[PDB]
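To be precise, the following lines are entry27.tsv, and they hold TSV, C-alpha atoms.
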chain	number	residue	atom	x	y	z
F	1	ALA	CA	2.79	85.91	150.44
F	2	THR	CA	0.91	88.68	148.65
F	3	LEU	CA	-2.56	88.32	147.17
F	4	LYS	CA	-1.35	87.55	143.65
F	5	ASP	CA	1.04	84.86	144.87
F	6	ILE	CA	-1.78	83.18	146.78
F	7	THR	CA	-4.16	83.48	143.83
F	8	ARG	CA	-1.72	81.88	141.40
F	9	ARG	CA	-0.89	79.09	143.84
F	10	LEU	CA	-4.58	78.40	144.48
F	11	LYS	CA	-5.36	78.23	140.77
F	12	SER	CA	-2.45	75.85	140.16
F	13	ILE	CA	-3.51	73.50	142.95
F	14	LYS	CA	-7.09	73.51	141.68
F	15	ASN	CA	-5.89	72.46	138.23
F	16	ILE	CA	-3.74	69.74	139.79
F	17	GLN	CA	-6.71	68.39	141.74
F	18	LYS	CA	-8.88	68.31	138.63
F	19	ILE	CA	-6.21	66.39	136.74
F	20	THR	CA	-5.69	63.86	139.52
F	21	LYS	CA	-9.43	63.21	139.76
F	22	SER	CA	-9.62	62.56	136.03
F	23	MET	CA	-6.64	60.22	136.22
F	24	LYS	CA	-8.19	58.31	139.12
F	25	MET	CA	-11.30	57.74	137.01
F	26	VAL	CA	-9.24	56.56	134.03
F	27	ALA	CA	-7.16	54.25	136.21
F	28	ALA	CA	-10.30	52.79	137.77
F	29	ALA	CA	-11.76	51.96	134.36
F	30	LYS	CA	-8.50	50.37	133.23
F	31	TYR	CA	-8.40	48.43	136.51
F	32	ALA	CA	-11.87	47.01	135.98
F	33	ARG	CA	-10.86	45.86	132.52
F	34	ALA	CA	-7.58	44.43	133.84
F	35	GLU	CA	-9.32	42.35	136.51
F	36	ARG	CA	-11.80	41.06	133.95
F	37	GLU	CA	-8.93	39.96	131.72
F	38	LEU	CA	-6.92	38.65	134.67
F	39	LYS	CA	-9.31	35.95	135.78
F	40	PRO	CA	-8.83	33.64	132.75
F	41	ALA	CA	-5.12	34.41	132.61
F	42	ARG	CA	-4.99	33.50	136.30
F	43	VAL	CA	-6.36	30.02	135.63
F	44	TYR	CA	-4.13	29.64	132.56
F	45	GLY	CA	-0.92	30.60	134.35
F	46	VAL	CA	-1.71	28.52	137.41
F	47	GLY	CA	-2.23	25.54	135.14
F	48	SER	CA	1.06	26.21	133.39
F	49	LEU	CA	2.79	26.19	136.77
F	50	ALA	CA	0.97	22.99	137.79
F	51	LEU	CA	3.72	20.63	136.66
F	52	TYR	CA	6.62	21.98	138.70
F	53	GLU	CA	4.72	22.08	141.99
F	54	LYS	CA	3.29	18.62	141.26
F	55	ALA	CA	6.65	17.08	140.30
E	256	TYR	CA	32.49	116.83	141.65
E	257	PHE	CA	34.66	113.96	140.43
E	258	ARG	CA	32.64	113.30	137.29
E	259	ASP	CA	32.61	117.03	136.51
E	260	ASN	CA	36.41	117.23	136.88
E	261	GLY	CA	37.26	114.55	134.34
E	262	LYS	CA	37.68	111.83	136.96
E	263	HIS	CA	35.61	108.70	137.52
E	264	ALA	CA	33.56	107.98	140.62
E	265	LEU	CA	31.47	105.14	142.00
E	266	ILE	CA	28.70	105.77	144.54
E	267	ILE	CA	26.82	103.11	146.50
E	268	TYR	CA	23.59	104.11	148.24
E	269	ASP	CA	22.92	101.55	150.94
E	270	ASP	CA	19.99	101.38	151.25
E	271	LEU	CA	17.59	103.57	149.30
E	272	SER	CA	14.68	101.78	150.98
E	273	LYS	CA	15.69	103.61	154.18
E	274	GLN	CA	16.01	107.00	152.54
E	275	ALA	CA	12.42	106.42	151.43
E	276	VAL	CA	11.39	105.76	155.04
E	277	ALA	CA	13.19	108.86	156.32
E	278	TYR	CA	11.52	110.95	153.63
E	279	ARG	CA	8.15	109.50	154.58
E	280	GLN	CA	8.71	110.42	158.22
E	281	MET	CA	9.70	113.96	157.26
E	282	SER	CA	6.70	114.38	154.98
E	283	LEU	CA	4.27	113.01	157.55
E	284	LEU	CA	5.61	115.30	160.27
E	285	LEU	CA	5.30	118.33	157.97
E	286	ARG	CA	1.61	117.28	157.68
E	287	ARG	CA	1.81	116.69	153.92
E	288	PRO	CA	-0.94	114.21	152.95
E	289	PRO	CA	0.23	110.59	152.70
E	290	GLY	CA	0.04	108.41	149.62
E	291	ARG	CA	0.25	104.67	148.97
E	292	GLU	CA	1.70	102.70	151.89
E	293	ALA	CA	1.87	106.15	153.56
E	294	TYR	CA	4.78	107.23	151.35
E	295	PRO	CA	4.40	110.77	150.00
E	296	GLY	CA	3.38	111.27	146.40
E	297	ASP	CA	6.86	112.51	145.49
E	298	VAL	CA	8.58	109.23	146.38
E	299	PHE	CA	9.45	108.26	142.80
E	300	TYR	CA	10.80	111.75	142.15
E	301	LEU	CA	12.91	111.46	145.31
E	302	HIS	CA	14.88	108.65	143.70
E	303	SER	CA	14.61	109.50	140.01
E	304	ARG	CA	16.19	112.91	140.53
E	305	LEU	CA	18.95	111.20	142.53
E	306	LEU	CA	19.85	108.31	140.24
E	307	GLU	CA	19.67	110.51	137.14
E	308	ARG	CA	22.88	112.25	138.25
E	309	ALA	CA	24.95	109.12	137.51
E	310	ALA	CA	25.96	110.14	134.00
E	311	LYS	CA	28.85	109.45	131.62
E	312	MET	CA	30.09	112.80	130.39
E	313	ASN	CA	31.35	113.08	126.84
E	314	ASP	CA	34.91	114.13	126.10
E	315	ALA	CA	33.88	117.78	125.72
E	316	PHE	CA	32.70	117.87	129.35
E	317	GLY	CA	35.83	116.26	130.77
E	318	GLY	CA	34.92	112.68	130.01
E	319	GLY	CA	34.33	111.89	133.67
E	320	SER	CA	31.72	109.44	134.86
E	321	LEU	CA	29.76	108.53	137.99
E	322	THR	CA	28.51	104.97	138.39
E	323	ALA	CA	25.76	104.27	140.91
E	324	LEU	CA	24.90	101.02	142.72
E	325	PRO	CA	21.73	101.63	144.73
E	326	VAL	CA	20.85	98.86	147.18
E	327	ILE	CA	17.19	98.01	147.75
E	328	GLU	CA	15.78	95.55	150.28
E	329	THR	CA	12.66	93.57	149.43
E	330	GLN	CA	10.35	91.80	151.88
E	331	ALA	CA	10.34	88.03	151.42
E	332	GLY	CA	11.34	88.48	147.78
E	333	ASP	CA	8.29	90.64	147.02
E	334	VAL	CA	9.99	92.55	144.23
E	335	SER	CA	6.48	93.75	143.34
E	336	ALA	CA	6.45	96.18	146.27
E	337	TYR	CA	6.26	99.95	145.83
E	338	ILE	CA	9.81	101.29	146.26
E	339	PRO	CA	11.39	98.21	144.64
E	340	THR	CA	9.29	98.69	141.51
E	341	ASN	CA	9.98	102.42	141.40
E	342	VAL	CA	13.73	101.92	141.59
E	343	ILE	CA	13.65	98.99	139.16
E	344	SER	CA	11.93	101.21	136.61
E	345	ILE	CA	14.48	103.96	137.33
E	346	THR	CA	17.75	102.02	137.06
E	347	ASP	CA	19.46	100.44	134.06
E	348	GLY	CA	20.36	96.96	135.25
E	349	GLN	CA	19.56	94.78	138.22
E	350	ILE	CA	21.27	92.13	140.30
E	351	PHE	CA	18.76	89.83	141.96
E	352	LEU	CA	20.04	88.10	145.09
E	353	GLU	CA	17.84	85.26	146.34
E	354	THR	CA	17.86	83.50	149.70
E	355	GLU	CA	16.96	80.17	148.09
E	356	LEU	CA	20.23	80.48	146.17
E	357	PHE	CA	22.13	81.77	149.19
E	358	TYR	CA	21.28	78.67	151.21
E	359	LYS	CA	21.58	76.25	148.29
E	360	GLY	CA	25.29	77.10	148.31
E	361	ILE	CA	25.38	79.62	145.46
E	362	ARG	CA	27.24	82.64	146.83
E	363	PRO	CA	27.04	85.39	145.63
E	364	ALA	CA	23.37	84.54	145.24
E	365	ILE	CA	23.13	86.49	141.99
E	366	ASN	CA	20.12	85.11	140.12
E	367	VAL	CA	21.67	85.12	136.67
E	368	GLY	CA	18.32	84.18	135.17
E	369	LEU	CA	16.67	87.48	136.10
E	370	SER	CA	19.67	89.78	136.50
E	371	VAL	CA	19.89	92.19	133.57
E	372	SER	CA	22.16	94.92	132.23
E	373	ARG	CA	21.03	97.11	129.35
E	374	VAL	CA	24.59	97.98	128.31
E	375	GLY	CA	25.42	94.29	128.02
E	376	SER	CA	27.76	93.90	125.05
E	377	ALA	CA	29.27	97.36	125.45
E	378	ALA	CA	31.31	97.95	128.61
E	379	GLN	CA	32.89	94.50	128.51
E	380	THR	CA	36.47	93.58	127.73
E	381	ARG	CA	37.00	91.64	124.53
E	382	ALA	CA	38.28	88.50	126.27
E	383	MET	CA	35.36	88.48	128.70
P	8	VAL	CA	-12.39	82.30	142.86
P	9	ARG	CA	-11.87	80.02	139.86
P	10	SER	CA	-9.07	78.25	138.01
P	11	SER	CA	-7.97	78.66	134.41
P	12	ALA	CA	-5.98	76.74	131.83
P	13	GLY	CA	-2.21	77.02	131.88
P	14	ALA	CA	-2.12	78.00	135.55
P	15	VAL	CA	0.40	75.43	136.79
P	16	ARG	CA	3.12	77.17	134.78
P	17	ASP	CA	1.81	80.62	135.72
P	18	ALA	CA	2.44	80.10	139.43
P	19	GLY	CA	6.00	79.01	138.72
P	20	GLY	CA	6.22	76.92	141.87
P	21	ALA	CA	7.82	73.49	141.91
P	22	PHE	CA	5.27	71.93	139.56
P	23	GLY	CA	5.89	74.67	137.01
P	24	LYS	CA	9.62	74.02	136.78
P	25	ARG	CA	9.06	70.27	136.92
P	26	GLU	CA	6.67	70.48	133.96
P	27	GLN	CA	8.99	72.78	132.02
P	28	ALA	CA	11.84	70.31	132.42
P	29	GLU	CA	9.67	67.28	131.63
P	30	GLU	CA	8.80	69.03	128.37
P	31	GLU	CA	12.28	70.27	127.50
P	32	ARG	CA	14.05	66.95	127.99
P	33	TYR	CA	11.53	65.10	125.82
P	34	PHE	CA	11.69	67.63	123.02
P	35	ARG	CA	15.49	67.79	123.10
P	36	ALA	CA	15.47	64.02	122.63
P	37	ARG	CA	13.02	64.23	119.72
P	38	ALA	CA	14.99	67.10	118.17
P	39	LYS	CA	18.13	64.96	118.32
P	40	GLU	CA	16.33	62.07	116.61
P	41	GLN	CA	14.90	64.35	113.92
P	42	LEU	CA	18.30	65.93	113.30
P	43	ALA	CA	19.83	62.49	112.84
P	44	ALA	CA	17.10	61.62	110.34
P	45	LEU	CA	17.65	64.94	108.56
P	46	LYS	CA	21.37	64.22	108.23
P	47	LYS	CA	20.63	60.74	106.89
P	48	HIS	CA	18.21	62.15	104.31
P	49	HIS	CA	20.75	64.81	103.32
P	50	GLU	CA	23.41	62.18	102.67
P	51	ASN	CA	21.00	59.83	100.88
P	52	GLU	CA	19.75	62.60	98.56
P	53	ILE	CA	23.10	64.00	97.37
P	54	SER	CA	23.11	61.74	94.31
Whole structure given in structure tokens:
Amino acid sequence: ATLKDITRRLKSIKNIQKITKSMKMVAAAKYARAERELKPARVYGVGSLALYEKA
Amino acid sequence: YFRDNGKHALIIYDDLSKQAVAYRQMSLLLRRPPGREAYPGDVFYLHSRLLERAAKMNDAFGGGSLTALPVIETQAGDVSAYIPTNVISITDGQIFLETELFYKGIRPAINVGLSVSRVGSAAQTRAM
Amino acid sequence: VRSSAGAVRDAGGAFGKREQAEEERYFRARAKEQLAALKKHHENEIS
């Protein structure tokens, strides 16, 4: 394309990359919290399933 | 001649982007200094003086008319080129044909989003 | 060469149209909801 087409496309992709990096960071934080909260719920749910696999 | 004798005429230049090239060749072989993209300086004039003859005479001058439908050819849709922009700023309306619409099945490819016509309301039948 | 705010919709590529539609559908929905509420308020305030 022409120079302006390339410039606009490059700016758009740079914005997209910035946004995806930020979202990766947010998702990583939420993941850490989710694992932390998943351990106790893991034991709780496994216990609740205990009966059916035992009987 | 037709529009001056009370009749109506329609003229279709096809293309004007090749008249521009022929004019550039002439001007370069007469040794006149080139301009932008090597086109002479008088490349807007070339077309403006030509498309300004498509008038709509009043009833005192016969009432005849001469419509014009110049055809331009862009390069990969670069409407921003030199001759395309000149002729776009010369003409009244536009009819943008796009290859992405041609292959998507829309034929004629007229891009109704960008196509314009200054007359608009006027010059349309009441039912339409 | 840098990047600036509101550039995704300046390019007008696929992401630009995708974003425009993602906005328009949502706000058409909310406009419909608000119009329904406006009609309800109109009727309930006649008396």
Next item on the list: Compute the chain F side of the contact with chain E at 12 Å, counting all atoms listed in the file, and hand it back as a PyMOL selection string.
Entry: chain F and resi 1-5
Note to self: Counting all atoms listed in the file, a student should be able to say which residues of chain F come within 8 Å of chain P; what is the right answer, written as a PyMOL selection string?
What the structure shows: chain F and resi 5+8-16
Check: Quick one, how far is CA of residue 345 (chain E) from CA of residue 301 (chain E)?
Finding: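 CA of residue 301 (chain E) lies at a distance of 11.1 Å from CA of residue 345 (chain E).
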Next item on the list: Can you pull out every residue within 9 Å of region 372-381 of chain E, counting all atoms listed in the file, but drop anything in the same chain fewer than 2 positions away, and send it as a PyMOL selection string?
Entry: chain E and resi 347-350+370+383
Note to self: To one decimal place in Å, what is the distance between CA of residue 357 (chain E) and CA of residue 31 (chain P)?
What the structure shows: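 Interatomic distance here is 26.5 Å.
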Check: Counting only C-alpha atoms, what is within 12 Å of residue 324 (chain E), bar same-chain residues fewer than 3 positions away, as an NGL selection string?
Finding: :E and (264-271 or 305-306 or 309 or 321 or 327 or 342-343 or 346-350)
Check: What does the distance from CA of residue 297 (chain E) to CA of residue 275 (chain E) come to in Å, to one decimal?
Finding: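 Here the two named atoms are 10.2 Å from each other.
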Please reconstruct the missing atoms of region 339-355 of chain E (target: N, CA and C atoms) and return them as a PDB file, keeping the file's coordinate frame.
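Written output follows (part00.pdb):
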ATOM      1  N   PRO E 339      10.661  99.059 145.582  1.00  0.00           N
ATOM      2  CA  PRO E 339      11.390  98.210 144.640  1.00  0.00           C
ATOM      3  C   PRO E 339      10.998  98.428 143.199  1.00  0.00           C
ATOM      4  N   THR E 340       9.703  98.505 142.901  1.00  0.00           N
ATOM      5  CA  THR E 340       9.290  98.690 141.510  1.00  0.00           C
ATOM      6  C   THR E 340       9.688 100.065 140.999  1.00  0.00           C
ATOM      7  N   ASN E 341       9.533 101.103 141.822  1.00  0.00           N
ATOM      8  CA  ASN E 341       9.980 102.420 141.400  1.00  0.00           C
ATOM      9  C   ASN E 341      11.445 102.383 140.987  1.00  0.00           C
ATOM     10  N   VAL E 342      12.302 101.857 141.862  1.00  0.00           N
ATOM     11  CA  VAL E 342      13.730 101.920 141.590  1.00  0.00           C
ATOM     12  C   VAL E 342      14.107 100.988 140.453  1.00  0.00           C
ATOM     13  N   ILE E 343      13.389  99.879 140.288  1.00  0.00           N
ATOM     14  CA  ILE E 343      13.650  98.990 139.160  1.00  0.00           C
ATOM     15  C   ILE E 343      13.322  99.681 137.850  1.00  0.00           C
ATOM     16  N   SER E 344      12.254 100.470 137.819  1.00  0.00           N
ATOM     17  CA  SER E 344      11.930 101.210 136.610  1.00  0.00           C
ATOM     18  C   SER E 344      12.763 102.480 136.466  1.00  0.00           C
ATOM     19  N   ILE E 345      13.572 102.828 137.462  1.00  0.00           N
ATOM     20  CA  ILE E 345      14.480 103.960 137.330  1.00  0.00           C
ATOM     21  C   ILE E 345      15.852 103.529 136.815  1.00  0.00           C
ATOM     22  N   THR E 346      16.366 102.399 137.287  1.00  0.00           N
ATOM     23  CA  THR E 346      17.750 102.020 137.060  1.00  0.00           C
ATOM     24  C   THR E 346      17.913 101.331 135.706  1.00  0.00           C
ATOM     25  N   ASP E 347      19.168 101.124 135.307  1.00  0.00           N
ATOM     26  CA  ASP E 347      19.460 100.440 134.060  1.00  0.00           C
ATOM     27  C   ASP E 347      19.391  98.935 134.245  1.00  0.00           C
ATOM     28  N   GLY E 348      20.306  98.387 135.030  1.00  0.00           N
ATOM     29  CA  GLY E 348      20.360  96.960 135.250  1.00  0.00           C
ATOM     30  C   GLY E 348      19.782  96.574 136.586  1.00  0.00           C
ATOM     31  N   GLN E 349      19.987  95.307 136.931  1.00  0.00           N
ATOM     32  CA  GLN E 349      19.560  94.780 138.220  1.00  0.00           C
ATOM     33  C   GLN E 349      20.437  93.591 138.552  1.00  0.00           C
ATOM     34  N   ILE E 350      20.547  93.303 139.842  1.00  0.00           N
ATOM     35  CA  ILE E 350      21.270  92.130 140.300  1.00  0.00           C
ATOM     36  C   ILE E 350      20.444  91.473 141.389  1.00  0.00           C
ATOM     37  N   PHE E 351      19.697  90.436 141.033  1.00  0.00           N
ATOM     38  CA  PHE E 351      18.760  89.830 141.960  1.00  0.00           C
ATOM     39  C   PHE E 351      19.470  88.800 142.827  1.00  0.00           C
ATOM     40  N   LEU E 352      19.528  89.056 144.124  1.00  0.00           N
ATOM     41  CA  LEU E 352      20.040  88.100 145.090  1.00  0.00           C
ATOM     42  C   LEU E 352      18.858  87.385 145.729  1.00  0.00           C
ATOM     43  N   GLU E 353      18.949  86.064 145.845  1.00  0.00           N
ATOM     44  CA  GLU E 353      17.840  85.260 146.340  1.00  0.00           C
ATOM     45  C   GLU E 353      18.309  84.377 147.487  1.00  0.00           C
ATOM     46  N   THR E 354      17.495  84.308 148.541  1.00  0.00           N
ATOM     47  CA  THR E 354      17.860  83.500 149.700  1.00  0.00           C
ATOM     48  C   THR E 354      17.863  82.013 149.362  1.00  0.00           C
ATOM     49  N   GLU E 355      16.961  81.569 148.488  1.00  0.00           N
ATOM     50  CA  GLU E 355      16.960  80.170 148.090  1.00  0.00           C
ATOM     51  C   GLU E 355      18.276  79.789 147.423  1.00  0.00           C
TER      52      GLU E 355
END
